[PDB]
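As written, the chain order gives the labels A, B, C, D, E and F, with residue 1 at the start of each chain.
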Amino acid sequence: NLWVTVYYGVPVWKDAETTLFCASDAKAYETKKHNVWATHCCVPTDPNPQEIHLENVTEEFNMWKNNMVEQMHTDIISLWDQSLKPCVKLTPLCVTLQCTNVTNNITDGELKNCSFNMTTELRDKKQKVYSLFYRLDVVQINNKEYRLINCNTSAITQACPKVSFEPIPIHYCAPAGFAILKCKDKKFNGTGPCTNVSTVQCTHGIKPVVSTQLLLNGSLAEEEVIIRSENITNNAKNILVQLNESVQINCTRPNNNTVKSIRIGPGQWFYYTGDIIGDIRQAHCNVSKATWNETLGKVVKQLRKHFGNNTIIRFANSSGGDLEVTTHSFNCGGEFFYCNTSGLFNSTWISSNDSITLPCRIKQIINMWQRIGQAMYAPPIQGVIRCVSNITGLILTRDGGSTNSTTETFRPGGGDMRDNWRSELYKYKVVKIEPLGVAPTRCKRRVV
Amino acid sequence: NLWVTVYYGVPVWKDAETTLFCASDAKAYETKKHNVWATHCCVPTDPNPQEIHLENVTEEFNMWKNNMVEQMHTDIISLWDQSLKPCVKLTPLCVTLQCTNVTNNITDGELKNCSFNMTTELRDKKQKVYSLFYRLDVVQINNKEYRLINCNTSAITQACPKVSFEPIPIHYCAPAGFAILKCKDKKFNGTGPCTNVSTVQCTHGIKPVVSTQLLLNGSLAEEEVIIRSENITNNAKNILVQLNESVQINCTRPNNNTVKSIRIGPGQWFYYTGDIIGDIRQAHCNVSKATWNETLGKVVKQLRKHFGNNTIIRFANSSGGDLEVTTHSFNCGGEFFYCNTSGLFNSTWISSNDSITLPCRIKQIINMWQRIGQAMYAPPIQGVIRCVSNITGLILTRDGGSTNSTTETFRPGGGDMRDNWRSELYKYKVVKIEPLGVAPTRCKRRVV
Amino acid sequence: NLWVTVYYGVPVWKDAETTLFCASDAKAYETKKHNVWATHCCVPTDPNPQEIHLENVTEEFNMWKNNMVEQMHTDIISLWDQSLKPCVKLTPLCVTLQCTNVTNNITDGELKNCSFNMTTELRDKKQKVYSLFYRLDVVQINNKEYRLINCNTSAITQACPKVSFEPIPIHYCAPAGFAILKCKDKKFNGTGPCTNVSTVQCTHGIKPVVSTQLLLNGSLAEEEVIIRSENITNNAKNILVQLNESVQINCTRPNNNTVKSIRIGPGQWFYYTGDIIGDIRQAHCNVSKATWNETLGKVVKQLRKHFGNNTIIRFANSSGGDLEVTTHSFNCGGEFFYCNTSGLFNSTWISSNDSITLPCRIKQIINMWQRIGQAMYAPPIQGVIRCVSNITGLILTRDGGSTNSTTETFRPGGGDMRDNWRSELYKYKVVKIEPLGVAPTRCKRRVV
Amino acid sequence: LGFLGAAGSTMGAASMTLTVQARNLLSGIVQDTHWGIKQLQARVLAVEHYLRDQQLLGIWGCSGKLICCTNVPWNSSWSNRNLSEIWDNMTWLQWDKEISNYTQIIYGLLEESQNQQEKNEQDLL
Amino acid sequence: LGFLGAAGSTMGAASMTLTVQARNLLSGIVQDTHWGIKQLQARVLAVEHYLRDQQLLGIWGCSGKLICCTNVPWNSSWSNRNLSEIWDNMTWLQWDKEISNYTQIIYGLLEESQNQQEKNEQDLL
Amino acid sequence: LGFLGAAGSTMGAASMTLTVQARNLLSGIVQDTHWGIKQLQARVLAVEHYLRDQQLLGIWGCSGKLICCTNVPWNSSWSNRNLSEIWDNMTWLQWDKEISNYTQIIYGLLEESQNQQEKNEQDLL
């Protein structure tokens, strides 16, 4: 007795994967022409109503199957390459250099004094160039001869000194026909249904921060530290630990650098490290010990709900790999740091700052994204760098190999940058609206 | 008692900015494969009804807020760069050269005889190259050594010898939903309402002519010389003077040049100036004095309606700047001329040709658009160049600093190429058609 | 008494030219990352109903006016260039080389032993390189000095050793609104009406095979050999001969090559011919004589229906031109062969294999498509190549100049690659569906 | 019975299958920088063609119909064949050949008759 | 009489020519990598504008009409002019200037009155 | 009350808000070579989806309606629930889960019933 009735404009949707548009936060800060993110995401935001609650609607979320992480990965890499693309190349620097130790005010030889004949603006002439280098960028050929470490593998391009990569919050917005569903459940662990759901046109602004083994400058958890993993019991997976409190880390590049330049072609400029004013000190980062200790104790209270509260949680340092794998990698003041983390994971829990200083390495040729391809050269920065970042979470793995002794070992995980972006993206899902549908009614079409 | 009635297809519009499509004039002349404009604007025209009068419609125009000038600027530059892009680069020529004066049949030394070892098709060999150069492209390094003047600033690319940039008339056509409104009011001064309005699908064909301090080959005013300015009383603005009569200017490159070539790589060809057959003469342009005098007197009659007819109009030459700023810059026969203008502005008006010859400079490395970036190299032209262009208008500024003495001084203005295009564009406006709208009627919808 | 009635969704169409989408055959074979065609036509097929018969519909086909050949030409060339584009260039090899004859186990000197100083990864150093070359790629400069034959004309780029160009069947699919009409008439000669017509969404898969003077690996004719020409009686046109039986041709590169490599820049790798293990033999191809003889006799029976069965058909070899013009050109095992064909056309017909071996030339610098532009360098292949291809048709021309003696001479034609693709494309036509139309009915609109 | 499966059918029989062709206009629903542009352009072109057919039906007052009777009389000068041949013996492809030179005449007339009737409706209300 | 040929005509006279402007929306039917993208973007933009007009007419219940009477009364606050001036003395361009600030009011009201009536039809059936 | 604001509402209550979702299809109205292409492709895709919904409503005879009764009877095999539960207790998202496997059945039936009725109208005229 019922008939099909067709309804158009029906408030339903399906899981969907599309490309979101990016926007800067209404260009609140112009950045002039010196910021890559601001330049790319030139599109403004608008402080319109931000969300629509969906009462009585339960939606299923899974942060490890969230394609927005793939979009950020793709867009971040793509922009970085477009940014570097028009800059001056360093092919002319793939030469043999003669090097000696730098001994001036040095207690540890991290730097080498190297020199070579560099191409000048005329093809007929070369300029003798003398500058200091970090050992991490220099390899012996065999007052020995050395070369740039990557000149056998790929081209090296100098980053334009005029372009900052400083993260700005970026909002991602749905295309017409799409909506983003946001989970506000304070207890959401990254997988399953969420009842506290509202929709948005755009995500809030997320900074495109890149780091290894430690999550920086993200949002904080409410009430408790939340540990999220696709597979908690799998020692092969990274567990993302979101703190409900931040910890500050104070990093520096203490050597007062004097930057020198040279014309190496027709308007082709190269910037070199020059020399250091004053004495030499290792790059380093400082963390208050008690704060760190409290932070791990909080992490332990949470690990225990997954592994047993009769357990022993042991922390340990990185198991092995390259700097890009084992150290805490971050950009500070525009420079690239590779810091030790082992002093942070030297304790176990068994069921006047007094800070810890972590030594750091400085490297100028960057194997960005751990991708085989062109390397970036980071031009030197004049003066001294100091910055303070917010530790907002950790990335850990277990060693496994357990015999159920109740003692488990946790070490820095890291690797894939996607896992940092997941820290904010776990809250959002993209769906496609499907407005056309049918239902039975007690109504036959009138036929005329 | 009235109800909303909705009407679709309503003949109304809004000011709008879009991109117009370009077309050649139905490819009346093929140009073969040797013309850049013809190649880009491959789209034909059609001699269909050209215009629709809009009786009783008054439209407001403002030639200084007309976005079509921005489009021409963008398209002209973009095409020029795409045209140059695939041509052979002159990076191999950024060498040190030894130079001596050219003295052969010279009464004024404009040319230098320079030589160097140039790269040949094999990487193992160089060819000694000897050629003559204009001083404007050559800078001393310090039988002294010299270099190409721009090899410290940017790459220089040789224009393909096979591609002409000779302006062809280009028509600009509206996208669907857009229309171009044309003002035919003979007294229109560039700003305000116009009642003589008709619409067109496309503008008439406008040649993409580039010049400094003098408008060439444009249309003429009817009845009187018309002086147009965004701000008449502002001495900081250019006044565009459109003549109602043309004045011919006869320009030449009198030196019978022999062009020589060389292979400098794998099919990489370079063309050089070689030497000169016969004697040496300065490049120059001729203008009949009386015609010029009448022309300025006509301009004065018009200046007086803006500044007072009890005034004295004094003309003077360029105040300062580079050749690209102070001279009359134009392309003649494919060559780039920078001519003196001071002899044209040596008079004042107080309320058998007998021509004036203006000496000219020839330059081959062109800082096109006064943009910082790659330079173009203009290959030499075989033989002797003669051309005649039409002076159709002037670009002037006032010095200002007036004490109301009633004597005002007018000098060549120039600078921005946009101002030349404005000379034709002032007649046209782009609008968007908005067909959907409402009005009250004595009619309620019948509800069934 | 009849009125216009408008019908929408009418099953009619017009001849039309559009771009078809390409698809691999459902990625039945992955090819990993080593096949260019598979990479480009990443789009899968689907074994859905393949065709719709159109009973009582006669359609007119013309294989020489079929724009699908133009699309294949354009897409094949475009892909080939995109494939080569990112590979390492050989500009550094355009040097002068010293050469001597290779005499080691040689009875015929096809190879030369040449050496030079090659650029290494550092700009300060060169490596002496010794390798063997085929004479076809080497030209004397004038223990004499030689150069790469194309270094005066264009850049040479090394094909990536990781990318195969092995043809895969590619299907071409219609855009929405378009359909492809297929003629299944076994007697269709390439022009005129066809009653055996069905439509398809996509063509069957056609391999993008390139060859000169002999059609390879195509489909076979049913019942008889079919000779197709736009102009049968015009000696200036190629006649396409489609066999109803295949003939196998066994080709080889007998010299057991050892491949050597060198780093010539920052991850820039070059692969060279090294040397040969064992003795030297000419490249060659074998065809059974009797099979070939039967094949030509079948061709003759068909030529006679066009020229008279009282005729004499004489076959002769290529009249002249370069290897790319006169030889049988094909890719075998990845190598480029230029084989003699004259032994195949040494007979006339007048109204234990016993094979014929055709000597072949091997060339590494390829003037692909007979286009002026960049050359491709084919890196050497390790070991020995053997392959067997299917002769599926011939491309012939007549000499003409006939005095009606009844004896006509047929020679290899070739030239344009489009003619090979026509061998399958003759079966298909692209049309645009035009669903909107009208017809008279005995029905006036009811006006209310 | 397939797209264009009705091509050999008589016009009458084929009119009963019009939904078959209508549904193939938007088949793109089911369906490298330089290449991608050309691939995208093709979709845009298909959309404009679709919209034009819809606009014409819209203007003529047949926006919601596959088949509609109109207010334009048939001209024997376009075709002087009887309806019996046209609907029972002839197919649509053949018919298109018979009257294609009048396409623009008929369409202009359809626009005019509908515009007049829409005005009549507004005046009657 | 040309696109916008009715621009100087009175609103009444101009309403009789509405098909003239409607047919110029899809004129793209009759109508270098970087350049081509911009050229293509222009076509896409024209399509979206076309579709929006059609959607609005659709929602308001005027999907098949050039002219439709609605269920929204006219507000004298938008315009207190009589219909005689509006239809016989004034042109559409002038009218747009007179009421453009109410465009969104009228459109919102049209959506509401039609939604209510569509519900009434469904309940009546 | 926002796009999808009716998602938790019963189907009946939600049907009264259908204009809310319809108007969000063409929101692109309000809204670097490689990047620009991808941005443009997204707009083209949204357009095709819009058009397909409109075509289906067109074919089914619901081109001008948000809600339409049809000539296809409801199958208890798709759902044997009563209308009272469906309209008053259940929401549309839940309903979609209940009958999504029959989408293509219902749509095919709708095309068939409308084609038959359009033929009936043409024969009656």
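Note that a residue touches a chain if its C-beta (ideal position, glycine included) is under 8 Å from a C-beta of that chain, and two chains touch if they have at least 3 such contacts.
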| item | value |
| --- | --- |
| Counterpart interface for A-F, drawn from C-F, A-E or B-E and sharing over half of its contact pairs | B-E |
| Chain whose average C-alpha position is farthest from chain F's own | B |
| Centre-of-Cα separation between chain D and chain B, whole angstrom | 50 |
| Separation of mean Cα positions, chain F and chain E [Å, integer] | 25 |
| Centroid distance [mean C-alpha coordinates] between chain D and chain C, Å | 43 |
| Separation of mean Cα positions, chain F and chain B [Å, integer] | 57 |
| Residues of chain D touching at least two other chains | 18-19, 22, 25-26, 28, 33-34, 37, 40, 43-44, 47, 49-50, 61, 63-67, 69, 122, 125 |
| Per-residue multi-chain contacts in chain B, two or more chains | 443, 446 |
| Listing of all chain pairs that touch each other, if any do | A-B, A-C, A-E, A-F, B-C, B-D, B-E, C-D, C-F, D-E, D-F, E-F |
| Complex interface listing, chain C residues touching chain F | 443, 446 |
| Interface residues, chain F side, partner chain D - complex | 33-34, 37, 40-41, 44, 47-49, 51-52, 55, 58-59, 61, 63-64, 111, 115, 118-119, 122, 125 |
| Complex interface listing, chain E residues touching chain D | 16, 18-19, 22-23, 25-26, 28-29, 33, 36-37, 40, 43-44, 47, 50, 63-67, 69 |
| Chain B - residues contacting chain E, complex | 2-13, 18-19, 21, 40, 49, 52, 54-57, 78, 82, 175-177, 179, 199, 433-448 |
| Chain D - residues contacting chain C, complex | 1-9, 11, 14-15, 17-22, 24-28, 31-32, 34-35, 38-39, 42-43, 45-46, 49-50, 53, 56-57, 60-62, 65-74, 79, 83, 86-87, 91-93, 95-96, 99, 106, 109-110, 117, 120-121 |
